[PDB]
Amino acid sequence: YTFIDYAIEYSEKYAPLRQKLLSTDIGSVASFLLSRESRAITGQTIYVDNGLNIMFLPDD
Amino acid sequence: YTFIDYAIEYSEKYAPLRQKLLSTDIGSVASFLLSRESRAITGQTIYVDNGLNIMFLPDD
Amino acid sequence: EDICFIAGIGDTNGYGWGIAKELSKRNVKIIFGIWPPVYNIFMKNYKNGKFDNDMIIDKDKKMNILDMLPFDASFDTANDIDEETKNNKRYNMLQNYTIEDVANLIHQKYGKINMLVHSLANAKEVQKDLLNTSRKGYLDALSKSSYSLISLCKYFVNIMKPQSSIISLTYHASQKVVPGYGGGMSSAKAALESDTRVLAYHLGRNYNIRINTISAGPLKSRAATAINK
Amino acid sequence: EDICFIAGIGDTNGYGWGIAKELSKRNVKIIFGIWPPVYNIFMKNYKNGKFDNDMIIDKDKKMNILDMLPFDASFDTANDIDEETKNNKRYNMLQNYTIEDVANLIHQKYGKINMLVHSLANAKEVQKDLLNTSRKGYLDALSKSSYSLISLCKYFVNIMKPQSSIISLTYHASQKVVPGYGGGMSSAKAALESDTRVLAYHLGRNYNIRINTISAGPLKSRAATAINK
Ligand SMILES: NC(=O)c1ccc[n+]([C@@H]2O[C@H](COP(=O)([O-])OP(=O)(O)OC[C@H]3O[C@@H](n4cnc5c(N)ncnc54)[C@H](O)[C@@H]3O)[C@@H](O)[C@H]2O)c1
Ligand SMILES: NC(=O)c1ccc[n+]([C@@H]2O[C@H](COP(=O)([O-])OP(=O)(O)OC[C@H]3O[C@@H](n4cnc5c(N)ncnc54)[C@H](O)[C@@H]3O)[C@@H](O)[C@H]2O)c1
Ligand SMILES: Oc1ccccc1Nc1ccc(Cl)cc1Cl
Ligand SMILES: Oc1ccccc1Nc1ccc(Cl)cc1Cl
């Protein structure tokens, strides 16, 4: 049932943080990176994915 | 003249952003990571080093 | 006096919108870059109040959209546009939609900005797996999704203040294999992440500007449903 | 009512202080955890108004410190402290400084908190390079610099509200080699960074709590000068 539905169901079941990923979650981080609050950060890839990227082997 | 002075001097000369790195520079980023603004970020290693880590070969 | 230009919006169901919403909370003026093909439809829904609820910033605030302009990331300058599009029913009633053109337009109307958001991605053969992607599709994916970031920086750095910030959106498919993310999109994201580092070097040293990329998790957006696998 | 416990502050020249200062801008109550060896020196200089300058948050804001407690990250519970340090000059007049004791202590006076900062590191043989570090010096570096994070979490998780956040400080020497960073400190950081991920899984799944680590650049702190190389 389409690539995106699988990825999302998977993310919500295996990600360390079991919550819905809202566009505003990415928005708040974008907001921070665009502000002067993050003056010492550049050239980085920041992960805003409820931490799914740290997982190797799933529980189920 | 100790490791620290070399590291500081090296950073200020070769990092993508040439400016002194302040404890408050890390402070504001820490502040962001501790607030609900970053609810979707966990298990990450965030670099706050004026981007020095992205360099391989120094300039001069 | 913060102004942010968001390159890549067609609706309120993607990341560009969520970013715009959050930026408004902080009182930053927003300028949308809308892809010509959906520009008029977008203006229609905007004018008919179809987005009104989506513009309410929780705290009784209203999203402050400074402007909305047709924008196609596949054209750098005016003389880069071919006949086929120059005669397209959509691009006809439009002008000044190339990267250099919108930067000049923005600079002229509002002056310098200090925030840029690259939130666009496109790939003709995104449905095919890497092995079956043609040279044409692969390059079209990297042209629209990767190079577009470099071109944006090259032209907008002239209308940006020192200490401005830039971000783009990427996906973990660039580092680990996720089947279904084809058409050269994983390749383009891998390039976008590498270029972010390189640009950080050039933009940081020469203009004191920062650039980062956000690797986001899944989100049910229009272009997300487009991926068939 | 945001409450933060900052573990690892011996003066105003380190990161623990810059963090404290920045948190104050957002009006969060700060609780300092001072290492007993320098607890009296800190309290003294504080009372004698030798830090008043440093407590200025520019905007007339005065740094608001909720409390200052003695704390030693090498001891999990009271019966973990050895007779020697128990009777040491600097420890004799103090109490409830182990990890379990400070958690219980903070819980009684202020209840549950929602922010925890791990800002400490220590290594006896930091002057020697890895090859020449003894088993004892190595395990000491990890015990103080890495496990202390896991321990803080284990005890403070009971006094933390859901959706709380935890951070620590790491250095790039864990991923790429920087000679001079010895005594197993590079080892300690590699461990800490890996443990951040694992703890992120356990804390996120069971307590819906987050944990990240900041990899900072060079700062001429007291402990940074210790690295004689
Ligand atoms: N949705 C996700 O699950 C997800 C995950 C990780 C990263 N991303 C990234 O987020 C970004 C935004 O995507 P989204 O998924 O929110 O979808 P989206 O569909 O809202 O945004 C993509 C936009 O690109 C525009 N576009 C296509 N060709 C263009 C061109 N030539 N010129 C200018 N605009 C053009 C489209 O109109 C569209 O609005 C993308 O870069 C994507 O790779 C998304
Ligand atoms: N200064 C840098 O260049 C640098 C760079 C990257 C990461 N870091 C990290 O920043 C953190 C703070 O270091 P800093 O460099 O600001 O130095 P700092 O010397 O101010 O902080 C370390 C603190 O830990 C305390 N300490 C030592 N043993 C302890 C114990 N058993 N129990 C509790 N406290 C103990 C000390 O009193 C000291 O205040 C460290 O974790 C360090 O690894 C520092
Ligand atoms: O980058 C993505 C990752 C997961 C789900 C959706 C996207 N976005 C995307 C895909 C394919 C195409 Cl052609 C365009 C876009 Cl914006
Ligand atoms: O972790 C670091 C990286 C670069 C410079 C200084 C530090 N900090 C540090 C070193 C050694 C010891 Cl024993 C204690 C500390 Cl806090």
# chains A, B, ... in the order shown; residues from 1 in each chain; ligands from 1
>>> interface_residues(of="chain D", to="chain B", cutoff="6 Å", atoms="only C-alpha atoms", output="list in words")
residues 15, 18, 19, 22, 23, 165, 196, 197, 200, 210, 211, 212, 213, 214, 215, 216, 217, 218, 228 and 229 of chain D
>>> residues_around(residues="residue C:4", least_positions_apart="4", cutoff="8 Å", atoms="only C-alpha atoms", output="ChimeraX atom specification")
/C:28-31,113-117
>>> residues_near_ligand(ligand="ligand 4", cutoff="9 Å", atoms="only C-alpha atoms and all ligand atoms", output="VMD selection string")
(chain B and resid 3 to 4 7) or (chain D and resid 8 14 119 to 127 141 145 169 to 173 181 to 183 185 to 186 189 216 to 227)
>>> write_last_selection(atoms="N, CA, C and O atoms", output="short mmCIF file (atom, residue, chain, number, x, y, z; two decimals), in the first residue's frame")
data_model
loop_
_atom_site.label_atom_id
_atom_site.label_comp_id
_atom_site.auth_asym_id
_atom_site.auth_seq_id
_atom_site.Cartn_x
_atom_site.Cartn_y
_atom_site.Cartn_z
N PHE B 3 47.75 21.04 24.80
CA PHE B 3 46.87 20.64 23.72
C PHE B 3 45.77 21.64 23.39
O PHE B 3 45.52 21.94 22.22
N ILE B 4 45.13 22.17 24.43
CA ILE B 4 44.02 23.10 24.28
C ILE B 4 44.29 24.33 23.40
O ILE B 4 43.48 24.65 22.54
N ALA B 7 44.45 23.31 19.76
CA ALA B 7 43.10 22.99 19.30
C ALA B 7 42.28 24.25 19.03
O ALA B 7 41.60 24.35 18.02
N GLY D 8 28.24 18.80 37.08
CA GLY D 8 29.58 19.08 36.60
C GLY D 8 29.88 20.55 36.42
O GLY D 8 30.04 21.03 35.30
N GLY D 14 33.81 26.81 32.29
CA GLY D 14 33.45 25.64 31.50
C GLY D 14 32.15 25.72 30.74
O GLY D 14 31.52 26.77 30.65
N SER D 119 27.56 17.18 32.49
CA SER D 119 28.65 18.03 32.07
C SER D 119 29.98 17.71 32.77
O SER D 119 30.71 18.61 33.16
N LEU D 120 30.29 16.43 32.90
CA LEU D 120 31.52 16.05 33.59
C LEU D 120 32.34 14.97 32.90
O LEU D 120 31.84 14.20 32.08
N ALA D 121 33.62 14.94 33.24
CA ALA D 121 34.56 13.98 32.69
C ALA D 121 35.79 14.00 33.58
O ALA D 121 36.11 15.03 34.16
N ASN D 122 36.46 12.86 33.70
CA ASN D 122 37.67 12.78 34.50
C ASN D 122 38.51 11.57 34.10
O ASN D 122 37.97 10.54 33.71
N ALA D 123 39.82 11.73 34.19
CA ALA D 123 40.76 10.68 33.83
C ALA D 123 42.10 10.97 34.52
O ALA D 123 42.68 12.04 34.35
N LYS D 124 42.57 10.01 35.30
CA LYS D 124 43.82 10.15 36.02
C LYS D 124 45.04 10.21 35.09
O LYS D 124 45.97 10.98 35.31
N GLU D 125 45.01 9.40 34.04
CA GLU D 125 46.14 9.34 33.13
C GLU D 125 45.92 10.05 31.80
O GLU D 125 46.40 9.58 30.77
N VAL D 126 45.22 11.18 31.83
CA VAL D 126 44.94 11.94 30.62
C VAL D 126 46.23 12.45 29.98
O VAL D 126 46.26 12.76 28.79
N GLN D 127 47.30 12.51 30.77
CA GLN D 127 48.59 12.97 30.25
C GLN D 127 49.34 11.90 29.44
O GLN D 127 50.22 12.23 28.65
N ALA D 141 38.68 6.28 33.77
CA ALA D 141 38.18 7.26 32.82
C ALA D 141 36.75 6.91 32.42
O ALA D 141 35.88 7.78 32.36
N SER D 145 33.72 9.23 33.50
CA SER D 145 33.24 9.90 32.29
C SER D 145 32.12 9.28 31.49
O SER D 145 31.42 10.00 30.78
N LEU D 169 28.00 15.96 27.09
CA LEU D 169 29.00 16.60 26.24
C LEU D 169 30.03 15.59 25.76
O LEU D 169 30.61 14.87 26.57
N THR D 170 30.28 15.55 24.46
CA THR D 170 31.29 14.64 23.94
C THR D 170 32.30 15.43 23.09
O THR D 170 32.17 16.65 22.94
N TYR D 171 33.30 14.75 22.56
CA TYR D 171 34.33 15.39 21.75
C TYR D 171 34.62 14.50 20.54
O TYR D 171 34.47 13.28 20.61
N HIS D 172 35.03 15.12 19.43
CA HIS D 172 35.30 14.41 18.19
C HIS D 172 36.43 13.37 18.27
O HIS D 172 36.53 12.49 17.42
N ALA D 173 37.27 13.47 19.29
CA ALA D 173 38.38 12.53 19.46
C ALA D 173 37.89 11.09 19.49
O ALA D 173 38.68 10.15 19.37
N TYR D 181 44.85 13.53 23.52
CA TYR D 181 43.60 13.25 24.20
C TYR D 181 43.69 11.81 24.72
O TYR D 181 42.99 10.92 24.22
N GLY D 182 44.53 11.60 25.73
CA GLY D 182 44.72 10.25 26.24
C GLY D 182 44.03 9.81 27.51
O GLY D 182 42.99 10.33 27.89
N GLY D 183 44.63 8.81 28.16
CA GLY D 183 44.09 8.28 29.39
C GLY D 183 42.80 7.53 29.18
O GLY D 183 42.09 7.23 30.14
N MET D 185 40.34 8.78 27.43
CA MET D 185 39.27 9.77 27.31
C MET D 185 38.57 9.61 25.97
O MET D 185 37.35 9.73 25.88
N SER D 186 39.34 9.34 24.91
CA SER D 186 38.76 9.14 23.59
C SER D 186 37.87 7.91 23.68
O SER D 186 36.80 7.85 23.07
N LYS D 189 34.59 8.76 25.48
CA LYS D 189 33.66 9.47 24.60
C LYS D 189 33.00 8.56 23.57
O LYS D 189 31.82 8.72 23.25
N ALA D 216 31.08 19.25 21.33
CA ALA D 216 31.58 20.63 21.30
C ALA D 216 33.00 20.84 20.76
O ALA D 216 33.82 19.92 20.67
N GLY D 217 33.28 22.09 20.39
CA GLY D 217 34.59 22.44 19.89
C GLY D 217 35.49 22.71 21.09
O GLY D 217 35.10 22.42 22.22
N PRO D 218 36.69 23.27 20.88
CA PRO D 218 37.64 23.57 21.96
C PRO D 218 37.28 24.79 22.80
O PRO D 218 36.96 25.85 22.28
N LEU D 219 37.35 24.62 24.11
CA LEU D 219 37.07 25.69 25.05
C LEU D 219 38.13 25.59 26.14
O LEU D 219 38.34 24.53 26.73
N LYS D 220 38.82 26.70 26.42
CA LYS D 220 39.87 26.72 27.43
C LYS D 220 39.30 26.62 28.84
O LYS D 220 39.27 27.60 29.58
N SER D 221 38.84 25.43 29.21
CA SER D 221 38.27 25.20 30.52
C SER D 221 39.34 24.69 31.46
O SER D 221 40.43 24.31 31.03
N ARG D 222 39.02 24.66 32.75
CA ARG D 222 39.96 24.20 33.76
C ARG D 222 40.48 22.81 33.41
O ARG D 222 41.69 22.57 33.40
N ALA D 223 39.58 21.89 33.12
CA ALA D 223 39.96 20.52 32.79
C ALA D 223 40.62 20.38 31.43
O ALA D 223 41.29 19.38 31.15
N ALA D 224 40.43 21.38 30.57
CA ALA D 224 41.02 21.36 29.23
C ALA D 224 42.52 21.63 29.34
O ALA D 224 43.32 21.15 28.54
N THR D 225 42.88 22.41 30.35
CA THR D 225 44.26 22.77 30.60
C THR D 225 45.00 21.61 31.26
O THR D 225 46.22 21.54 31.24
N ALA D 226 44.24 20.68 31.83
CA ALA D 226 44.83 19.52 32.48
C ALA D 226 45.53 18.66 31.44
O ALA D 226 46.57 18.07 31.72
N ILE D 227 44.96 18.60 30.24
CA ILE D 227 45.51 17.81 29.14
C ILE D 227 46.88 18.33 28.71
O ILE D 227 47.01 19.02 27.70
#
>>> closest_residue(among="D:188, D:153, D:139, D:103", to="ligand 2", atoms="only C-alpha atoms and all ligand atoms")
D:188
>>> select_by_dssp(residues="chain B", states="helix (DSSP H, G or I)", output="ChimeraX atom specification")
/B:2-14,23-34,36-38,52-54
>>> write_last_selection(atoms="N, CA, C and O atoms", output="compact mmCIF listing (two decimals), in the first residue's frame")
# COMPACT_ATOMS: atom_id res chain seq x y z
N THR B 2 50.49 23.19 25.89
CA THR B 2 49.29 22.38 26.07
C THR B 2 48.42 22.19 24.82
O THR B 2 48.36 23.03 23.92
N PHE B 3 47.75 21.04 24.80
CA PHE B 3 46.87 20.64 23.72
C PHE B 3 45.77 21.64 23.39
O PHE B 3 45.52 21.94 22.22
N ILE B 4 45.13 22.17 24.43
CA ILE B 4 44.02 23.10 24.28
C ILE B 4 44.29 24.33 23.40
O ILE B 4 43.48 24.65 22.54
N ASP B 5 45.42 25.01 23.62
CA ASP B 5 45.74 26.20 22.83
C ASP B 5 45.92 25.90 21.35
O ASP B 5 45.59 26.71 20.49
N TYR B 6 46.47 24.73 21.05
CA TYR B 6 46.66 24.32 19.67
C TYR B 6 45.28 24.08 19.05
O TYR B 6 44.98 24.58 17.97
N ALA B 7 44.45 23.31 19.76
CA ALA B 7 43.10 22.99 19.30
C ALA B 7 42.28 24.25 19.03
O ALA B 7 41.60 24.35 18.02
N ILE B 8 42.34 25.21 19.96
CA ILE B 8 41.61 26.46 19.80
C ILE B 8 42.12 27.22 18.58
O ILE B 8 41.35 27.66 17.73
N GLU B 9 43.44 27.36 18.49
CA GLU B 9 44.05 28.08 17.39
C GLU B 9 43.76 27.41 16.05
O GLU B 9 43.53 28.09 15.04
N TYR B 10 43.75 26.09 16.05
CA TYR B 10 43.50 25.32 14.85
C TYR B 10 42.05 25.50 14.39
O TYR B 10 41.78 25.64 13.20
N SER B 11 41.13 25.50 15.35
CA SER B 11 39.72 25.66 15.05
C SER B 11 39.43 27.03 14.45
O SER B 11 38.79 27.15 13.41
N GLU B 12 39.92 28.07 15.12
CA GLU B 12 39.70 29.44 14.67
C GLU B 12 40.33 29.78 13.32
O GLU B 12 39.97 30.79 12.70
N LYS B 13 41.25 28.95 12.86
CA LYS B 13 41.91 29.19 11.58
C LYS B 13 41.40 28.32 10.44
O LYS B 13 41.40 28.74 9.28
N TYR B 14 40.93 27.12 10.76
CA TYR B 14 40.47 26.22 9.71
C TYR B 14 39.00 25.86 9.65
O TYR B 14 38.56 25.26 8.67
N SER B 23 31.17 29.33 25.35
CA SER B 23 30.44 28.32 26.10
C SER B 23 28.94 28.53 25.91
O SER B 23 28.16 27.57 25.96
N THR B 24 28.53 29.77 25.69
CA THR B 24 27.12 30.05 25.48
C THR B 24 26.67 29.60 24.09
O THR B 24 25.47 29.47 23.85
N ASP B 25 27.62 29.38 23.18
CA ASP B 25 27.26 28.90 21.85
C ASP B 25 26.72 27.48 22.01
O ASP B 25 25.75 27.10 21.35
N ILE B 26 27.35 26.71 22.89
CA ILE B 26 26.92 25.35 23.19
C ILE B 26 25.68 25.46 24.07
O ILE B 26 24.73 24.68 23.95
N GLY B 27 25.70 26.46 24.95
CA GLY B 27 24.58 26.68 25.86
C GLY B 27 23.23 26.82 25.18
O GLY B 27 22.27 26.17 25.58
N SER B 28 23.13 27.68 24.16
CA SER B 28 21.85 27.87 23.48
C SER B 28 21.40 26.60 22.74
O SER B 28 20.21 26.32 22.67
N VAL B 29 22.35 25.86 22.19
CA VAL B 29 22.03 24.62 21.49
C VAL B 29 21.53 23.61 22.52
O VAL B 29 20.57 22.89 22.28
N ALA B 30 22.18 23.57 23.69
CA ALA B 30 21.79 22.67 24.77
C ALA B 30 20.38 23.03 25.18
O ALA B 30 19.52 22.18 25.37
N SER B 31 20.15 24.33 25.31
CA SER B 31 18.85 24.86 25.70
C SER B 31 17.76 24.38 24.74
O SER B 31 16.67 24.01 25.16
N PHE B 32 18.07 24.38 23.45
CA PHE B 32 17.12 23.93 22.44
C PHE B 32 16.84 22.43 22.57
O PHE B 32 15.68 22.00 22.48
N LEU B 33 17.90 21.65 22.76
CA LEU B 33 17.76 20.20 22.88
C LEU B 33 17.00 19.78 24.14
O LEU B 33 16.41 18.71 24.18
N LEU B 34 17.01 20.64 25.16
CA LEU B 34 16.32 20.35 26.40
C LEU B 34 14.85 20.79 26.39
O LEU B 34 14.06 20.32 27.21
N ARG B 36 10.94 21.42 24.52
CA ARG B 36 10.01 20.63 23.74
C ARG B 36 10.10 20.92 22.25
O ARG B 36 9.49 20.23 21.43
N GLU B 37 10.88 21.93 21.91
CA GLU B 37 11.08 22.32 20.52
C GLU B 37 11.73 21.18 19.74
O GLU B 37 11.59 21.08 18.52
N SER B 38 12.44 20.32 20.45
CA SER B 38 13.14 19.21 19.81
C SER B 38 12.58 17.84 20.15
O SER B 38 13.30 16.85 20.15
N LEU B 52 34.09 22.55 12.20
CA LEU B 52 35.42 22.00 11.99
C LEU B 52 35.44 20.53 11.60
O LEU B 52 36.25 20.10 10.78
N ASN B 53 34.53 19.75 12.18
CA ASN B 53 34.48 18.31 11.92
C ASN B 53 34.29 17.91 10.45
O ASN B 53 34.67 16.80 10.06
N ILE B 54 33.71 18.79 9.64
CA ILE B 54 33.48 18.48 8.23
C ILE B 54 34.74 18.61 7.39
O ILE B 54 34.74 18.22 6.22
>>> atom_distance(atom1="atom CA of residue C:5", atom2="atom CA of residue C:33")
7.1 Å
>>> closest_residue(among="C:55, C:99, C:43, C:131", to="ligand 1", atoms="only C-alpha atoms and all ligand atoms")
C:99
>>> select_by_dssp(residues="chain B", states="strand (DSSP E or B)", output="list in words")
residues 45, 46, 47 and 48 of chain B
>>> write_last_selection(atoms="N, CA, C and O atoms", output="PDB file, in the first residue's frame")
ATOM      1  N   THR B  45      24.119  12.740  18.144  1.00  0.00           N
ATOM      2  CA  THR B  45      25.377  13.385  18.484  1.00  0.00           C
ATOM      3  C   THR B  45      25.320  14.653  17.642  1.00  0.00           C
ATOM      4  O   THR B  45      25.461  14.594  16.420  1.00  0.00           O
ATOM      5  N   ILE B  46      25.070  15.789  18.283  1.00  0.00           N
ATOM      6  CA  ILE B  46      24.988  17.059  17.570  1.00  0.00           C
ATOM      7  C   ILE B  46      26.307  17.815  17.707  1.00  0.00           C
ATOM      8  O   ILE B  46      26.792  18.063  18.817  1.00  0.00           O
ATOM      9  N   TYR B  47      26.881  18.181  16.569  1.00  0.00           N
ATOM     10  CA  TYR B  47      28.146  18.904  16.543  1.00  0.00           C
ATOM     11  C   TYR B  47      27.952  20.409  16.592  1.00  0.00           C
ATOM     12  O   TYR B  47      27.254  20.983  15.754  1.00  0.00           O
ATOM     13  N   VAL B  48      28.573  21.034  17.588  1.00  0.00           N
ATOM     14  CA  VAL B  48      28.528  22.483  17.769  1.00  0.00           C
ATOM     15  C   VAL B  48      30.006  22.852  17.854  1.00  0.00           C
ATOM     16  O   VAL B  48      30.574  22.984  18.937  1.00  0.00           O
TER      17      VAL B  48
END
>>> residues_around(residues="residue C:97", least_positions_apart="5", cutoff="8 Å", atoms="only C-alpha atoms", output="PyMOL selection string")
chain C and resi 36+69-72+102
>>> atom_distance(atom1="atom CA of residue C:10", atom2="atom 11 (C, counted along the ligand's line) of ligand 1")
11.3 Å
>>> atom_distance(atom1="atom 13 (O, counted along the ligand's line) of ligand 2", atom2="atom CA of residue D:159")
25.0 Å
>>> residues_around(residues="residue C:154", least_positions_apart="4", cutoff="10 Å", atoms="only C-alpha atoms", output="MDAnalysis selection string")
chainID C and resid 76 99:100 148:150 158 199 203
>>> write_last_selection(atoms="N, CA and C atoms", output="short mmCIF file (atom, residue, chain, number, x, y, z; two decimals), in the first residue's frame")
data_model
loop_
_atom_site.label_atom_id
_atom_site.label_comp_id
_atom_site.auth_asym_id
_atom_site.auth_seq_id
_atom_site.Cartn_x
_atom_site.Cartn_y
_atom_site.Cartn_z
N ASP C 76 18.14 28.24 -14.10
CA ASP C 76 19.00 29.18 -13.38
C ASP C 76 18.81 30.63 -13.79
N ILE C 99 15.58 30.99 -11.10
CA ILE C 99 16.27 31.27 -9.85
C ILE C 99 16.84 32.69 -9.78
N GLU C 100 17.57 33.10 -10.81
CA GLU C 100 18.13 34.45 -10.80
C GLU C 100 17.02 35.50 -10.83
N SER C 148 19.90 22.18 -7.70
CA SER C 148 19.02 23.31 -7.41
C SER C 148 19.43 24.02 -6.12
N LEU C 149 20.02 23.28 -5.18
CA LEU C 149 20.46 23.87 -3.91
C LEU C 149 21.68 24.76 -4.15
N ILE C 150 22.61 24.27 -4.95
CA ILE C 150 23.81 25.01 -5.26
C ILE C 150 23.45 26.29 -6.00
N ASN C 158 23.72 36.91 -2.91
CA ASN C 158 23.85 38.33 -3.23
C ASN C 158 22.77 39.18 -2.58
N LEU C 199 29.47 23.33 0.61
CA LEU C 199 28.92 24.68 0.58
C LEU C 199 29.15 25.36 1.93
N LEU C 203 30.48 28.98 1.80
CA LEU C 203 29.59 30.00 2.34
C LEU C 203 30.05 30.52 3.71
#
